[PDB]
Structures are given as C-alpha cells and as structure tokens.
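I have placed the structure first, in the form of structure tokens, so that the comments after it can refer back to it.
2 protein chains.
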Amino acid sequence: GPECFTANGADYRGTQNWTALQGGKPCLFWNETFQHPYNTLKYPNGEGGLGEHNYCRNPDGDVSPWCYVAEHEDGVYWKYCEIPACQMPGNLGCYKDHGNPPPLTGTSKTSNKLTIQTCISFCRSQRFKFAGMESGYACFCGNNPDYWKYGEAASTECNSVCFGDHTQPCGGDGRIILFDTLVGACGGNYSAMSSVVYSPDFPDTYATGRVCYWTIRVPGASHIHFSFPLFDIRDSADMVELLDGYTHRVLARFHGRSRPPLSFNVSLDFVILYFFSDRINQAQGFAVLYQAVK
Amino acid sequence: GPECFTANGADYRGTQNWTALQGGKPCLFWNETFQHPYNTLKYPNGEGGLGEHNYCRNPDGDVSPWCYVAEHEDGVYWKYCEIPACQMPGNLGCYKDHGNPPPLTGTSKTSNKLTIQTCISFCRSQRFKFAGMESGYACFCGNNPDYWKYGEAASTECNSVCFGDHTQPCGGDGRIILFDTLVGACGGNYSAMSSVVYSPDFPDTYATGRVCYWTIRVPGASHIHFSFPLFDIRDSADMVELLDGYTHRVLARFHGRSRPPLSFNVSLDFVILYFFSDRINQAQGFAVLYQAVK
Ligand SMILES: *[C@@H]1O[C@H](CO)[C@@H](O)[C@H](O)[C@H]1NC(C)=O
Ligand SMILES: *[C@@H]1O[C@H](CO)[C@@H](O)[C@H](O)[C@H]1NC(C)=O
Ligand SMILES: *[C@@H]1O[C@H](CO)[C@@H](O)[C@H](O)[C@H]1NC(C)=O
Ligand SMILES: *[C@@H]1O[C@H](CO)[C@@H](O)[C@H](O)[C@H]1NC(C)=O
Ligand SMILES: [Cl-]
Ligand SMILES: [Cl-]
Ligand SMILES: [Cl-]
Ligand SMILES: [Cl-]
Ligand SMILES: [Cl-]
Ligand SMILES: [Cl-]
Ligand SMILES: [Cl-]
Ligand SMILES: [Cl-]
Ligand SMILES: [Cl-]
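Protein chains in written order, with UniProt numbering: chain A, 29 to 322; chain B, 29 to 322.
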C-alpha cells in the first residue's frame, strides 16, 4: 500500500526516521524536541502523528513531511524527508523540465492562486490527461505519456509552494510535479479492477454545494471491497453515500459524525458513490479505495 | 446609444452601408444578393436583420458584421464592416501588443476552447479588472489602465475566431481585444448612475443551473429606469426577476415566453436583479441597462 493519500504527506504515519534512505541524516525525537515548537508537549494526544518516536511527520502543514535533524554548524535545524512510499495516488512524480520541447506539450496557464486542483481542473476542461505544476504558479497540460523524458527527480525538488495554498507542493524551477487529471473530478465512470476516488476538488477543500456521483461498474465482479484511507468531514450535512446501481438503494452513509469502517464489502458489480456538500462548510475531503473481486 | 450588445454584432440593425466610413467599399443589397446564399429569399421575414437594404449585418453568426461588396477582379465578394458604434458595453477596444512589456501585465493562459467569457472568468478569479484575448487562443489578465499604450487598432484586426466559439472574436496576432472582467459575472453589487448587466457568462450561452443576484443600490435615486437592449431566452423555466431590495417583492418577471417592455421605471433606489436558469436549456442570454434618476 502507498502510505500517504494527501498531497503533502499530512497523513504520513509510517516509520521512516531518516531525511532520506540514501545519503540522509537522522531525525530527532519529537518527545525530545523542546528547543523547538514541535514536540510532544505542544502536541500531546498524538496530534499530528507526533509522539515518542523520530519518524518523519508534517504537523505544520508544510508541503511535505520532515523532521528535526539537529544542527551541525550548518545552521540547519530541520530537513524535509524524501519518502518514496508517501506519494498520493494520482501524483505521478517529480520530473525535470529542460525547456524546449517541454515534458507536457499541451496548453498552459500561470496563476496567482494556483493550486494542484486548479491546475488539474484547467487541464481536465481542456481534455488533457495530465497536469504539471512548476515554480509555484505555473500550470501545464498534456496527453504525453513520455513526460518522464528528461528524467525523474527527487520529490524534494518539487517542493515550491503552491501560490494558492501554502500546504501544497507546486513543483520547482526546472521541476514539474505531475498529476492524473481525474484526481478530484466531480464524478466519473470507473471500470478498473481497483482505483482511488477522492473528494471533489481534492486536494483542495471540496467546494460548496457539491453534488457528485461516481459510477463504479465492474462487470464480472462477484462483490466489491471499499476502504477509506482518508476521511475528513466537518459537518453532519456533508455526506458520502453508497448506492446499489440497479436499485439506487443506499447501502452506506458516512458524514462528519459517522466514521467509515476499516473496510466493507458489497455484494454487487455495480455501485454508485454519492457526495453531497453543505454550502456552509468545506473540509480536507476524503479518499476511497475500491477493490473488485472475481 | 451603442448599437450592438453582442460580441459579434449579431444584433446590429443600424444603417451603415459601407465596409468602413473611411476608405471603405459599399455594400450590396440583400434583396439583390441572389448569386450568394445570403439574401431576402433565403431569409424573408427579416431573419438576421436582412431585408430591402444594403446595411451591414451578420446573419451567418461570423465574428463581426459584414456585407457583400461585389467582386472587382480582387477575387473578393464580401468584407467585414468596421462599425465604431457597434461595440458591446464592456468591450474596451482592439489594441496593439508589441511584446515586451505587453499591454496587460498580469497573468495569462492559453486554451483550446478559449472564448471571451472563459478569458474574462479566468481573469476575474485572479482579481484582475481586464481581460485580453489574442490569436484566438491566448488570454491575458491585468489591472493596467494603460493597456492602450501601444495604440488602438481597427476592430477588424481583432477578428481571429475564438477557439472555443467560432461566433466570437478573440483578437489577432499582435492584436488584443480587451474586456472589463465584470462582463457576465454571476451577480454583483452596482452603484453607478447607470450601467449594463449581462446574463451570466455572457457572451457565452448562460451555464446550467445558474442562480444569480445583482444588487443595484443607488442612494439618492428617486426612481430607476430599466430597458433590455438584448433578451434571448429559450425556456419558460429560465427567468429574470426584479426584486424590491427592502421587501424582496417581485416587481417584474420575464422568461422565454414573457417579453421585456421597451422600458419600465421602478419607484426605488434599491433593486435586485435575479436570474434562475434551467439545466436543460441555455440560450444567447440578455443585457439590461439601468439608469438612476435624482
Ligand atoms: C522518548 O521516547 C523515545 C522512544 O520511545 C525514548 O527512546 C526516549 O528515551 C524518550 N525520551 C523521553 C524524554 O521521554
Ligand atoms: C527508526 O525506528 C525505530 C524507533 O522508532 C528504531 O528501531 C530505529 O533504530 C530508528 N532508526 C534510527 C536511525 O534511529
Ligand atoms: C431592393 O430594395 C432596394 C431598397 O429599397 C431597392 O432600391 C431595389 O430596387 C430593390 N430591388 C428588388 C429586386 O426588389
Ligand atoms: C445607405 O442607406 C440608405 C438606403 O438604405 C441610402 O440613403 C444611402 O444612399 C445608402 N448609401 C449607399 C452608399 O448606398
Ligand atoms: Cl520550527
Ligand atoms: Cl503550547
Ligand atoms: Cl538539472
Ligand atoms: Cl481556468
Ligand atoms: Cl443517479
Ligand atoms: Cl458566402
Ligand atoms: Cl433556401
Ligand atoms: Cl503593427
Ligand atoms: Cl437575496
């Protein structure tokens, strides 16, 4: 399994305790980091994934997980962690852009409030299957499957902040962070054996008055397994439902105060996922992973 | 009064019968243009503004009005008309872009479905007050009031088609057609002595399930005059309402089958304009001009 389903590894809870597996420095313990803000005293109760360990975390909503190295005359107290297993489904990686010809050869925009979703959405409208974000404000679309052409980069090189949301990475100069344009669409058809479906506008907070239906139709499936590796909802009014495709009967309903079980199975090959959002509130959103069985 | 409230002078009904007032050629009569498609036989009943005259018209939904010149070995049967009075409120003109520094110095996009409204909307989101369209696909934002810096051009130089809608002009290479970003917004506050308010997404067809309120609040006005120099609605379900700001009482309601009077007055300084749109249909839209009185 991948270990983060957020854009910035907010949700990373794994056990990496080096800034990098290769060439890295080791993390300080969050229960000894009292010279800094971020430690188990400020965050008892396990807030932020912090606790009696030295694992990489991101409790300051930065653009990626990190930890405190301990300064070596460098002047550098902390570093971002480069965690290859922490890469949200739909994030295709960080690649080098050497200019002409660029990696994605569709159509572009630049934006003072650019975010990942904003880039994805522009690209999606345009009928392109990939979106690419650079230098915090630039956005590129394209159907090129050879975006990887000029070589992959370490994800820490794609850490320039999104101009629109300082909690999201938007690539780096010469560096472009690539996303599948399906991520966060309001509805869809799905047929794959398994895939992930995120809230509308993920990783941005889901817009107001959203109403989305996603059909998951897997002919030949005897039953389908659902799990929620992410689930943030603020309001009881905001809802996620599962509907029998044939009957439209409501199999399950999950809201701010109803919390999705570990997993559940549905005895159907045809299910609809339904999401209704309150105007008044928006929250982090969710991610649901479905696995079909033959 | 300005003589067109559309982007392409579809609605021009004035009496210009030269391709241009200065240096131009004269128009053929639409009731003699039988060697061409466009004539009073194909269009009896005055369709398209065509009839027993030689006035500039645009019945083929091209990007601007035109007429048939009559060929002079040129090989050229028709030309666009350059009509200075036919310039929809909000269209700020056609200007020269000489590259660095460009006329609008905000932020830009390029788009395979670019239209005027699309450009306006991008710019509007970004908090810029002007949008500029070039070469049919390019879109530029900015707050520069000196966009006119490199000189104005004849509107016929901004006639490259919008990639997204072949009925709209999207500038020309080296040429940029400028719009106020208020045009077609879904709602607003208005205070001016008078101004024009267009359908949502004008000049594109109004999106589905639109619900818009515009407040027109002119303190000191004894009463306010309303007229509709444009009104296309396909469905009875699609509606425009006027509401007493103080009471929210419905002063007037206009829909596909209810047709706005010449003018009407309201004995108030505070009125709300309300627009509800059916999912099923979208139409050309409307333009309403209000004049406050002291
Ligand atoms: C913090 O917890 C770590 C890991 O369990 C432990 O090794 C260390 O001694 C603890 N230090 C304090 C001050 O609790
Ligand atoms: C990383 O994880 C655990 C403690 O949480 C421990 O076994 C291991 O020694 C840690 N690595 C380092 C370098 O401290
Ligand atoms: C067409 O109408 C014009 C303008 O009224 C007139 O001058 C002309 O003789 C008419 N021609 C025909 C064929 O009706
Ligand atoms: C333009 O308009 C009217 C006829 O519709 C006429 O008075 C005038 O002569 C026309 N001009 C030309 C050049 O035909
Ligand atoms: Cl710090
Ligand atoms: Cl504290
Ligand atoms: Cl490099
Ligand atoms: Cl956009
Ligand atoms: Cl449905
Ligand atoms: Cl023709
Ligand atoms: Cl015919
Ligand atoms: Cl020039
Ligand atoms: Cl209201």
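Beta carbons are placed, not taken as given, at the ideal position from N, Cα and C, and that holds for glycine.
Inset, instruction - Give a single yes or no on whether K124 (chain A) has its beta carbon closer than 7 angstroms to a heavy atom of ligand 7. - result: yes
Legend entry - Beta-bridge pairing of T243 (chain B) - partner residues as DSSP gives them: In DSSP, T243 (chain B) forms a bridge with B:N217, B:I300.
Inset, instruction - Output the residue ranges of the alpha helix (DSSP H) runs that lie fully inside the UniProt domain "WSC" (116-210) of chain A and measure 4 residues or longer, sorted by chain position. - result: 144-153
Inset, instruction - Indicate, with yes or no, if ligand 13 has a heavy atom lying under 7 angstroms from the CB of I244 (chain B). - result: Checking every heavy atom of ligand 13 against the Cβ of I244 (chain B), none is found closer than 7 angstroms.
Inset, instruction - Ignore the nearest five residues each way along the sequence and tell me which others in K53 (chain B)'s own chain have a CB closer than 6 angstroms to its CB. - result: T47, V97
Legend entry - Beta-carbon spacing of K157 (chain B), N171 (chain B) below 8 angstroms: yes
Inset, instruction - Pull every residue with its beta-carbon under 6 angstroms away from any heavy atom of ligand 8, and keep them in chain order. - result: A:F150, B:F150
Inset, instruction - Determine the direct distance from the alpha carbon of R41 (chain B) to that of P247 (chain B), and round the result to whole angstroms. - result: Here the alpha carbons of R41 (chain B) and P247 (chain B) stand approximately 36 angstroms from one another.
Inset, instruction - Please confirm if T135 (chain B) has its CB atom under 8 angstroms from at least one CB of chain A. - result: yes
Inset, instruction - Would you identify the three-state DSSP class for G313 (chain B), choosing helix, strand or coil? - result: strand
Inset, instruction - Answer yes or no: does any C-beta atom of chain B fall closer than 8 angstroms to that of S139 (chain A)? - result: For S139 (chain A), the nearest beta carbon of chain B is closer than 8 angstroms to its own beta carbon.
Legend entry - When B:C95, B:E110, B:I111, B:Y226 are compared against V104 (chain B), the one with the closest alpha-carbon: B:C95
Inset, instruction - Please name the residue or residues paired with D272 (chain A) in a DSSP beta bridge. - result: A:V299
Legend entry - chain A within 8 angstroms of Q154 (chain B), Cβ atoms only: yes
Legend entry - Distance, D90 (chain A) Cα to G164 (chain A) Cα: Rounded to whole angstroms, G164 (chain A) to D90 (chain A) spans 14 angstroms at the Cα level.
Legend entry - Contact test: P130 (chain B) Cβ vs ligand 2 heavy atom, cutoff 7 angstroms: no
Inset, instruction - For the region 287-300 of chain A and the region 235-249 of chain A, state whether three or more C-beta atom pairs, one from each stretch, are separated by less than 8 angstroms. - result: yes
Legend entry - Chain-order list of residues whose beta-carbon lies under 8 angstroms from that of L56 (chain A) (same chain, five-residue window excluded): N82, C95, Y96, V97, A98
Inset, instruction - Just jot down, in chain order, the residues whose CB lies closer than 7 angstroms to any heavy atom of ligand 4. - result: B:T43, B:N45, B:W46, B:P54, B:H81, B:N82, B:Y83
Legend entry - Buried or exposed (CB count within 10 angstroms, at least 16 for buried), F62 (chain A): exposed
Legend entry - Same chain, Cβ closer than 6 angstroms to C147 (chain B), neighbours up to 5 away in sequence not counted: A159, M161, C167
Inset, instruction - List in chain order: all unbroken beta strand (DSSP E) runs of 3+ residues lying wholly within the UniProt domain "Kringle" (31-114) of chain A. - result: Correct list: 94-96, 106-108.
Legend entry - C-beta atoms of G212 (chain A) and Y241 (chain A) nearer than 8 angstroms: no
Inset, instruction - Measure from the alpha carbon of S92 (chain A) to the alpha carbon of each residue in A:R152, A:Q196, A:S255, A:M267, then state which is nearest. - result: A:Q196
Inset, instruction - Sort out for me which residues DSSP pairs residue 329 (chain A) with in a bridge. - result: Because chain A spans 29 through 322 in this model, residue 329 (chain A) falls outside it and cannot be assessed.
Inset, instruction - Sort B:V268, B:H253, B:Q312 by Cα distance to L290 (chain B) and report the nearest one. - result: B:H253
Inset, instruction - Answer yes or no: do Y66 (chain B) and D39 (chain B) have a C-beta to C-beta separation smaller than 8 angstroms? - result: no
Inset, instruction - Out of A:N59, A:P129, A:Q319, state which residue places its alpha-carbon closest to the alpha-carbon of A220 (chain A). - result: Checked all of A:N59, A:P129, A:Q319; the closest Cα to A220 (chain A) is A:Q319.
Inset, instruction - Say yes only if the C-beta of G200 (chain B) is nearer than 7 angstroms to one or more non-hydrogen atoms of ligand 12, and no if none qualify. - result: no
Legend entry - Assigned exposure category for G74 (chain A) - 16 Cβ within 10 Å defines buried: exposed
Inset, instruction - Have a look at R85 (chain A) and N119 (chain A) and give me their C-alpha separation to the nearest angstrom. - result: 19 angstroms
Legend entry - Beta-bridge partners of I252 (chain B), as assigned by DSSP: B:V294, B:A320
Inset, instruction - State the Cα-Cα distance for the pair residue 21 (chain A) and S227 (chain B), rounded to the nearest angstrom. - result: No answer is possible for residue 21 (chain A): the residues shown for chain A start at 29 and end at 322.
Legend entry - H194 (chain B) Cβ short of 7 angstroms to ligand 10 heavy atom set: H194 (chain B) has its Cβ no nearer than 7 angstroms to any heavy atom of ligand 10.
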